[PDB]
Structure formats: structure tokens, C-alpha cells
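First up is the structure itself, then whatever we jot down about it.
No Cβ is skipped: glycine too gets one built from the backbone with ideal geometry, and neighbour counts run over all protein chains shown. Where a number appears in this text, it was derived from the coordinates with a stated rule and is not lab data.
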Amino acid sequence: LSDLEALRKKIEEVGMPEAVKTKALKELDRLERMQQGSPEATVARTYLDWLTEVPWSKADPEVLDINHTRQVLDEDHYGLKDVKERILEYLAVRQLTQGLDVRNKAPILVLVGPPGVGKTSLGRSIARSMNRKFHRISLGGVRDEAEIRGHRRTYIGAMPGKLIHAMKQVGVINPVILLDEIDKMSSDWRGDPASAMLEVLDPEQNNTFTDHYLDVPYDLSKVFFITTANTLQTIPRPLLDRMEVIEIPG
């Protein structure tokens, strides 16, 4: 009790970074000064909800054990022992890898095969076996940088992009997020789809991902991303060049 007192409290207790908390308190101070229910106050309150409800340090317990993953994959899919062995190998190297090899070596995972081979359901199995939340974001036909990174809150109708919506729904910093159909993004982008997707997927960059709505850096580096495609042929080359491919089948 009440809305703004709770919100003040919320700001100190969520693991929010020091600069972000400063910016948030400065905005709460201004909000407290506006005409309640005005469009300006509605915009400001909405912004502070976003900053307080995206996860900052809440994480689900880390449980990666490849022998358990093996048993989960076998419950969920029949056969596919070659695919399953590549998945386990990929995961093993993460269950062990140390450094800023993690920024480099760490290519982006892509599962590739035609429809109905079960690519999304492999993702869900992986996630389940590590006890992590799973969220799927469809890229099929996505045609605008703003769907990925939002608009500045000064524009009418502005909100965050899909990545920050997902972090807020999942409520933890370490989900598994599956980007589906990275080979079917529109060729109509005004901006650069390859760069925009590298800002999310590349571990050299995604620790300070900048959603134009949130207007502060946000750390996507604890997310385990999986991408999928039917073909490699329509994946932009800068992405492709960072991808580790698992073909289904496989």
C-alpha cells in the first residue's frame, strides 16, 4: 500500500542496477508531481512498471546435467539418436565452458529442418530438462527493428520490443528463448535485420542490449537462445557466420 509507495519500495528490492535505479527514482519524483490520470502520468507510470517488472537478478536454479537431459529427450522424441547426440554435445560444452571464449567460441545454435520434424518441441525438451522457463518468439514475417527493440516512449503507442516482453512474462533472467523461423524474416526491413538480431543473440553484445523503450542497457547474456529454420539459404550471412548448425534429421 499504496501504488506509489509500493513502487518506491519495488525499485530498491528487485536487484536493479545502480544507474537504472537512479533514473527510475528521478522518474518517480517527476510522476508524483503530475496530474493523476493525465496522459503524461499514464505514460510515466507505465514506464516505471516496465523497469520494475522486468527481471534484474531473479534467476531460476541452475540445473544442467546432460545424463538427465538424455533421459528427457528420450521421453519426448522417438529415435533421432544422431540429433540427440549433437544436442547433448552442444550442451556439454556449456555445462563446462569458462572464459570470453564464451563471447567468441559461443556460436548461436540453429536447428534446421523442414516442417513437422519437431524443432520447437526439441527446444522445449531441452528447457524442461534444465528446469528453465521456455518462451518462443516467432520471427516469421517480422519486418521492423521496433518489433525486436521497441520505440522510444516519447512516440504515441510506444512499448518495448518482443525480447523485453518475453523477459517480463518469464519473470527470471535465465529462460530459454526460442526464436522461430529466423530464415523467414521479411526482406522489407527499413533497417538491418542481421545487426538487429546480433544485438540480441551475440554474447559479445547482448549483455548491454538496448531496448529503445526501456532506454537503459539490459543483460540478455543469461538467456539460453535457440534459433530455428527450414533452410540456411535465407538466413543473412552475418548471422549464419556465427551459427552452429544441427540438422533435423539428423
(message) Looking at the chain as a GNM with Cα springs under 10 Å, which of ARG128, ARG237, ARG143 has the largest mean-square fluctuation?
(response) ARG237
(message) If I model a spin label at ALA19 and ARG33 as a point 7 Å from the Cα along the Cα→Cβ vector, what separation in nanometres do I get?
(response) 2.4
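What is the calculated FRET efficiency for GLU40 to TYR78, with r their C-beta to C-beta distance and R₀ = 45 Å, to the nearest 0.05?
Working: r = 57 Å, r/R0 = 1.28.
Computed FRET efficiency for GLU40 and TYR78 comes out at 0.20.
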(request) Could you go through segment 7-19 in sequence order and give the Karplus-derived ³J(HN,Hα) for each residue, using 6.51 cos²θ - 1.76 cosθ + 1.60 with θ = phi - 60°, rounded to whole Hz, and x for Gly and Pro? (result) 4, 4, 4, 3, 4, 8, 9, 9, x, 4, x, 3, 5
(request) State whether segment 1-56 is rounded, prolate or oblate according to the following rule on the C-alpha gyration tensor (a ≥ b ≥ c being the square roots of its eigenvalues): a/c under 1.5 gives rounded; otherwise a/b larger than b/c gives prolate, and the remaining case gives oblate. (result) prolate
(message) Can you list residues from other chains, or at least 5 along the same chain, whose modelled amide H is less than 5 Å from the amide H of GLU244?
(response) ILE108, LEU109, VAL110
(message) I want to make sure I understand the PRE zone here: with the label point 7 angstrom from the Cα of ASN131 toward its beta carbon, which residues in segment 159-180 have backbone N atoms less than 17 Å away?
(response) 172-176
(request) For segment 186-217 and segment 92-169, compute the distance between their C-alpha centroids and round to whole Å. (result) 12
(request) Determine the calculated [θ] at 222 nm for the chain from helices alone, applying -39500 (n - 2.57) to every DSSP H run no shorter than 4 residues and normalising by the residue count; nearest 500 deg cm²/dmol. (result) -12500 deg cm²/dmol
(request) Loop only per DSSP, at most 13 neighbouring Cβ atoms within 10 Å: give me the chymotrypsin sites (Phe, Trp or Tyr not before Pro) in segment 175-241, ordered by residue number. (result) none
(message) Under 10 °C and 1.306 mPa s, how fast does segment 70-144 diffuse according to Stokes-Einstein, given a Kirkwood radius computed over C-alpha pairs? Answer in µm²/s, whole number.
(response) 112
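When all alpha-carbon pairs of segment 57-250 are counted, what percent fall beyond 30 Å? Walk me through the numbers before you get to the answer.
Details: 3213 of 18721 pairs.
Tail of the P(r) past 30 Å holds 17 percent of the pairs.
Report, in debye and to the nearest 20, how large the dipole of the chain comes out about its Cα centre when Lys and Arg carry +1 and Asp and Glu carry -1 on their Cβ. Could the numbers behind the result be given before it?
On the way: 34 positive and 38 negative charges, 48 e Å.
Result for the chain is approximately 220 debye, rounded to the nearest 20.
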(request) Once you've got the GNM for the chain with C-alpha springs shorter than 10 Å, pick whichever of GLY113, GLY150, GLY191 has the biggest mean-square fluctuation. (result) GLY191
(request) Would you mind computing, in nm to one decimal, how far apart the modelled labels at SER195 and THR231 are, each placed 7 Å from Cα along Cα→Cβ? (result) 2.8
(request) Only loop residues by DSSP count here, and only those with at most 16 other Cβ atoms within 10 Å; note down the GluC sites (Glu not before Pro) in segment 25-108 that meet that. (result) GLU62
(message) Longer than 23 Å from Cα to Cα, which of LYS119/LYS162; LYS58/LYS119; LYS9/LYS168; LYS10/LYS58; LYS58/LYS168; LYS26/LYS222 are they? Say none if no pair is.
(response) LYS58/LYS119; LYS26/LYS222
(message) Which one, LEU100, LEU214, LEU163, has the greatest fluctuation when you compute a Gaussian network model over the chain with C-alpha springs under 10 angstrom?
(response) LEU100
